[PDB]
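Engineer:
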Amino acid sequence: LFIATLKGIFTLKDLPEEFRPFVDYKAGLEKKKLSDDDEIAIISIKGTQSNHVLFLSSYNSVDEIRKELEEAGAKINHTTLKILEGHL
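Once you know that position 31 of the sequence shown is 31 in the authors' numbering, the rest is easy, because the numbers rise by one and skip nothing.
(1) Applying the criterion that 16 or more other CB atoms from any shown protein chain within 10 Å of the CB defines a buried residue, is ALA4 buried or exposed?
(2) Do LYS7 and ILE65 have their beta-carbon atoms positioned less than 8 Å apart in this structure?
(3) Distance check for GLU18 and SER57, CA to CA, integer angstroms please.
(4) Mapping the DSSP letters down to three states, classify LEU54 as helix, strand or coil.
(5) From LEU29 to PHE22, what does the alpha carbon distance come to, in whole angstroms?
(6) Apply the 10 Å Cβ neighbour rule to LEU84 and answer buried if 16 or more other Cβ atoms are within range, or exposed otherwise.
(7) Report the CB separation of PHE55 from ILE45 in whole angstroms; it is logged as a contact under 8 Å.
(8) State the Cα-Cα distance for the pair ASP38 and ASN60, rounded to the nearest angstrom.
Written as structure tokens, this is what we have:
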């Protein structure tokens, strides 16, 4: 009885903790690259029928990065993909 917030961690090629990779396509959508550093994070929120796939360029370990995500997870809603233009 709440906002089912899902947060799947996608690390390297083994990111498909479930089974088959769903983003792997983005890595091969144009000979991107298959490195063991690739890092992705997808978060859904009963958004009609989907979620928000983000690209974790460089993740260290500081609230700065923690806040950003949580923000694009169930916080303020983006309607101008501005953030991506400022950090994506």
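Each residue gets a CB set at the ideal place from its N, CA and C atoms; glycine is no exception.
Structural biologist: Let me lay it out:
(1) exposed
(2) no
(3) 22 Å
(4) strand
(5) 12 Å
(6) exposed
(7) The Cβ separation is near 19 Å, so there is no contact.
(8) 14 Å
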